[PDB]
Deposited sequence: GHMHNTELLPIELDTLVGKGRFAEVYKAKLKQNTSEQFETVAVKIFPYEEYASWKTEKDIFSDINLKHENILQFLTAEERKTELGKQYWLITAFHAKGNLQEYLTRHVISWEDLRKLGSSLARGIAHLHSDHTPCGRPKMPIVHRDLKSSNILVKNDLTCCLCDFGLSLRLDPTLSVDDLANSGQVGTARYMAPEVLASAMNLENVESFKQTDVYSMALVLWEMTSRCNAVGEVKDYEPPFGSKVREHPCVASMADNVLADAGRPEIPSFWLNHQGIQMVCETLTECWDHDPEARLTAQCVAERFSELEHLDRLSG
C-alpha cells in the first residue's frame, strides 16, 4: 500500500510540516506532518485530491499516506519536486530579466485565478479555493521560470455550506507581513465570500512588487528586501503591520525611475490597483492574468 520512498534531505519547513527531497523507487517532495497537525494535512489533502484543481501553476499531487513510526504516526503528502525552490530565495540570489518578470508574474496570476475560479478552463464547475497565506516563500519556481502554488494548510474551500459563525474564529489567518488592510483591521464582510479572494489579490500585489524590485528593466536594482523590510521587524505582529498598512497607508516603495520602462510601468499600475485599501477597487486575479497576456508585444 505504501510507496517505495527514501527520504534524502530536509529542504523546507512550513508552519505545520517539514518538506524533504526524496527518492521514489524518481525525485519527489514529501511533506511530513506530525499527528498533532492532522487537520492541516487533511485540509491540503482535500484540495490536492480535487481533480478540478489540476493546473500547470498548481503543485502536482501524487498521493497522501499515513505512516506508522516507532514514536507514533506521521501524515505525508507526496508531490512533484521543484529543485529551484521558493521565489523569495530565487529573488534574493538573482536579478531577473523583463521576460522572467512577465513569465513569473503571469503564471502567478494564472495560478491564483485558477484557485479562485468557479470553473475549470474547459467550463466544468469547480470549488473556488482561497489560499489565505500567499507569499514569496510559499511560491515554487519551476525549471521553466514559471510559478507554482503550494502550502494549502490555511486554505479555504468556498463551500456553499460554510457558516458565517465558523468563519469568525478562524480569526486572522496567515502571515502578518502579507495581510490585507481589511484583515489587519478585522473589517471583513464575513457575510460574502469573494471578500476572501480580494485578500489573496492584495498578497499577490506584494509578491508582484517583490518580482518587479529585482527586475533589471527598472534600471538600477537594489538588494532583495521583503515587503516593508525597512519599516517592520523580522517576524512582525498584526499591530505593527496595521500601523504601517492601515494607519500610515504604507505600501512598498515604487521609485519614479522604475516607470521609464513601459512594461514596468504597466506592472506597477496593475499591482498598485491590487493593493488598494478598498478591496472592491482591486482587480481580480483573472484581470491581472489578462493584463500580463497584453504585455506579449
| query | finding |
| --- | --- |
| Deposited-sequence segments unaccounted for in the coordinates | 1 to 6, 32 to 38, 311 to 316 |
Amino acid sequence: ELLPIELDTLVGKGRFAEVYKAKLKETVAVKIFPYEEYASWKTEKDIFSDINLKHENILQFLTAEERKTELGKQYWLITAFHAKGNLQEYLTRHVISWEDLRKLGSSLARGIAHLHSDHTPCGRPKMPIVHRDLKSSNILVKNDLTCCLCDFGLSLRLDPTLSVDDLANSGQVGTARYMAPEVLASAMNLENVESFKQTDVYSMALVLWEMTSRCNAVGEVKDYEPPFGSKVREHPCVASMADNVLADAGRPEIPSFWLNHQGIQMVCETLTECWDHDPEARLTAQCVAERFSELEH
From here on, numbers count along this sequence of modelled residues.
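In this text, the rigid core denotes the largest set of C-alpha atoms whose superposition between the two forms falls within 1.5 Å.
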property: Farther-lying stretch by C-alpha RMS in 6 other deposited structures of this protein, rigid core as reference, of 119 to 127 and 149 to 157; result: 119 to 127
property: Between 11 to 19 and 269 to 277, larger RMS Cα displacement in 6 other deposited structures of this protein after core fit; result: 11 to 19
property: Unmodelled residue 195 in at least one third of other entries with both flanks present; result: no
property: Missing coords for residue 170 in a third or more of other PDB entries; result: yes
property: Mean C-alpha temperature factor, higher of 233 to 241 and 50 to 58; result: 233 to 241
property: Mean Cα B-factor comparison, 83 to 91 or 221 to 229, giving the higher one as deposited; result: 221 to 229
property: Residue with highest C-alpha B-factor in the PDB entry, from 199, 138, 74, 169; result: 169
property: Selection from 154, 179, 193, 134 [criterion: highest C-alpha temperature factor in the record]; result: 193
property: For residue 24, the third of its chain into which the C-alpha B factor falls; result: highest
property: Entry-reported Cα temperature factor of residue 249, expressed as the chain third it lands in; result: highest
property: B-factor third for the C-alpha atom of residue 266 within its chain; result: highest
property: Cα B factor band for residue 129 (lowest, middle or highest third within the chain); result: lowest
property: Position of residue 147 among the chain's modelled residues by C-alpha B-factor, lowest, middle or highest third; result: middle
